[PDB]
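In the block that follows, a single chain appears as structure tokens, in the form deposited in one PDB entry.
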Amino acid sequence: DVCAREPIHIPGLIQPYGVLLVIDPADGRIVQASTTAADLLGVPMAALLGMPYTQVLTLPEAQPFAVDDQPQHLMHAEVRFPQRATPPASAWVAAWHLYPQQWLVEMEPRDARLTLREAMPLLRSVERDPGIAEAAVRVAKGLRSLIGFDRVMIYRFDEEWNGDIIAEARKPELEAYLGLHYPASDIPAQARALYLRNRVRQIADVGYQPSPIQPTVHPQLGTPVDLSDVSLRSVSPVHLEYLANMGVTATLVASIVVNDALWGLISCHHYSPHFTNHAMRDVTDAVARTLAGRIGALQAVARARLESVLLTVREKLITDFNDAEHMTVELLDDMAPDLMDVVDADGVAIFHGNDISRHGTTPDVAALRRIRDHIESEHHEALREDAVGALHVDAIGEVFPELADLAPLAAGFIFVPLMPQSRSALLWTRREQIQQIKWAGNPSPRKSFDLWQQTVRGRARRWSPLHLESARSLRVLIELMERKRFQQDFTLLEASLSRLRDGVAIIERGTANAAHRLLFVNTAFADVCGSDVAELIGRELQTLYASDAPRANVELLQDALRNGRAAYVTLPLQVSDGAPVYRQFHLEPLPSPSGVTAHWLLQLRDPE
């Protein structure tokens, strides 16, 4: 928090190995310059300030130019210093950063002796490597041989922005850092952000003399120099403290940017001073690029493969579960392996009112009932809201402290449906996975990096979002269960109704513009009318009584229908053939949650 609040991009200091000048794109005048400029360029800080760059420039290659909006970056090219008699003992090379209001020229030694063509057999290998692990180690081993670093490691960022050394290539005599876990605070967010912008950075000598930009703020713009893109940018004195405490004298780290996000870093350490020249710096850029590219592709194909297997298994469960009308014991015992696999659970428990069907490695029925009871609690009603489609825990003891135990079999779980009481419910469980976090430290930078193995009990393997959506996708199985149950009970009650002696009908109350329709009619009611049951459903009630029926008796029926009340009247029926069939109409209003009657029960006593 207070660590992440540090400029780091505007230190007003550079590394002493190179020289930096700030040029005004209108005049070509040097507005700001680092103290290291005076010694190489010839002219001291006095006249060097406010001087046209061309008088101290000898660039045989490309030249700087005006930029409209998007800045342009020119590569390291030969630079010579005319206002001095052979100032360097080594070849010098200058890079340009051209922004609309300022130009920045950074120059550093060429160095020579070591390159892109020799990196190609390595790049070509990782491009066709299977799995991130294989590529990561190939890159560390390969890069360690290409540049000459004492140790090269691939630092993968995890979900909480912590880090893990997943690959390492080092001098045999060195203590291995492989598999060591570092907190998220070691690389604060403001640094991580810059590591997407500036993808390769070097520290030639940890604890150097930082060379400051003479006018710290722009003499006419009043702004500090945004050294985000300058490779010479002086690094944090907190990181330089950490690096000295770790015993490293030189650094070179390149970002692994997968899908426009910092996936990890290629961290190189040298326990002696080491300047990585523009050439080696470009080679490490190419390997980081290729490694980020392969990781992404492998991750993309993986997801794509997993999603299609997980779909088949889901679609089989939806079909198999629909096809069977009565949910037998062998049905669920066949379903169980695929019902666990879809979400990658260690066990599953199917609930249907007091009954529980447990499969795989799950707690006992008493505990599965203890877990379900606890979730549907009034106390845990906020959890079900804040949950997305299914409630899930990675560590039962944290979320549900009263279910602290049960962690060995149901440490993690996916509970569906989010609706309380419900009758039908699915509970996927993952058992405890004792995790061993290999800290290189413990919880201003740390002096010691001693191994500290934190043993974490009561947690299960994290539910991947692929497995959480696979769960949400199977909510349809809960509604399948409920529908089929109400369907079974409804047809039973309809069968009992359709075979009654007394002739009954369920009337749906109309509206002002709608009329009262027959919703249900039994064979005894339909036969007294003449028409078959199917033809009479949806027929208006006003149809059933003869278009002759007395005013008084009809108005009594209409008054109850109008007011949603009850009626008992003898009315003649609309005769299909002849004989006047009078029946006594017993209209009774069926209860409504609002008390405002929505349906009636019409029954016509069968004479006996």
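For the two forms, the rigid core is made up of the largest set of C-alpha atoms that agree within 1.5 Å on superposition. Numbers follow the displayed sequence, beginning with 1.
S.K.: Gap size between residue 465 and residue 466, counting deposited residues with no coordinates: none, 1 to 3, 4 to 9, or 10 or more?
M.R.: Gap between residue 465 and residue 466: none, chain continuous.
S.K.: Look at the stretch from residue 114 to residue 115 and count the residues of the deposited sequence that the entry does not model, then pick none, 1 to 3, 4 to 9, or 10 or more.
M.R.: Count of unmodelled residues in between: 1 to 3.
S.K.: For the stretches 337-345 and 207-215, which has the higher mean C-alpha B-factor as given in the deposited record?
M.R.: Taking the mean C-alpha B-factor of 337-345 and of 207-215, the larger value falls to 207-215.
S.K.: Identify the stretch, either 513-521 or 100-108, whose C-alpha atoms have the larger mean B-factor according to the entry.
M.R.: Stretch with the greater average CA B-factor: 100-108.
S.K.: Just the C-alpha B-factor column, please: which of 360, 82, 296, 417 has the biggest number?
M.R.: Comparing C-alpha B-factors across 360, 82, 296, 417, the maximum falls on 82.
S.K.: Which is it among 131, 503, 163, 443: the one with the largest CA B-factor in the entry?
M.R.: The C-alpha B-factor peaks, among 131, 503, 163, 443, at 443.
S.K.: Ranking every modelled residue in this chain by its Cα temperature factor as given in the entry, which third contains residue 155?
M.R.: Its C-alpha B-factor, which the entry lists for residue 155, ranks in the lowest third among residues of this chain.
S.K.: Among the modelled residues of this chain, does the Cα B factor of residue 421 put it in the lowest, middle or highest third?
M.R.: Highest third.
S.K.: Can you work out whether the C-alpha temperature factor of residue 494 puts it in the lowest, middle or highest third of the chain?
M.R.: Tercile = lowest for this residue's CA B-factor.
S.K.: Lowest, middle or highest third of the chain for the C-alpha temperature factor of residue 488?
M.R.: Its C-alpha B-factor belongs to the lowest third of this chain's values.
S.K.: Lowest, middle or highest third: which one holds residue 598 when the chain's residues are ordered by CA B-factor from the entry?
M.R.: Within its chain, residue 598 is a lowest-third residue by C-alpha B-factor, going by the deposited values.
If you look for the form deposited in another entry, you will not find it shown, but the lines that follow are about it.
S.K.: Which residue of 298, 95, 279, 356 is the mover here, meaning its C-alpha shifts by 2 Å or more between the shown form and the other one once both are aligned on the rigid core?
M.R.: Single residue meeting the criterion: 356.
S.K.: Aligned on the rigid core, do the two forms place the Cα of residue 449 2 Å or more apart, comparing between the shown form and the other one?
M.R.: Comparing the forms between the shown form and the other one, which are aligned on their rigid core, residue 449 does shift its C-alpha by 2 Å or more.
S.K.: Is residue 399 one of the residues whose Cα moves 2 Å or more between the shown form and the other one, with the core superposed?
M.R.: The answer is yes; the displacement is at least 2 Å.
S.K.: Once you overlay the rigid core, does the Cα of residue 334 travel 2 Å or further between the shown form and the other one?
M.R.: The answer is yes; the displacement is at least 2 Å.
S.K.: If the CA atoms of residue 133 and residue 438 move by 3 Å or more in the other entry, do they move toward each other or away, so closer or farther than here?
M.R.: Closer in the other entry, by 3 Å or more.
S.K.: Hey, the CA atoms of residue 438 and residue 167 end up closer or farther in the other entry than in the shown form, with the change being 3 Å or more?
M.R.: Compared with the shown chain, residue 438-residue 167 is closer in the other entry.
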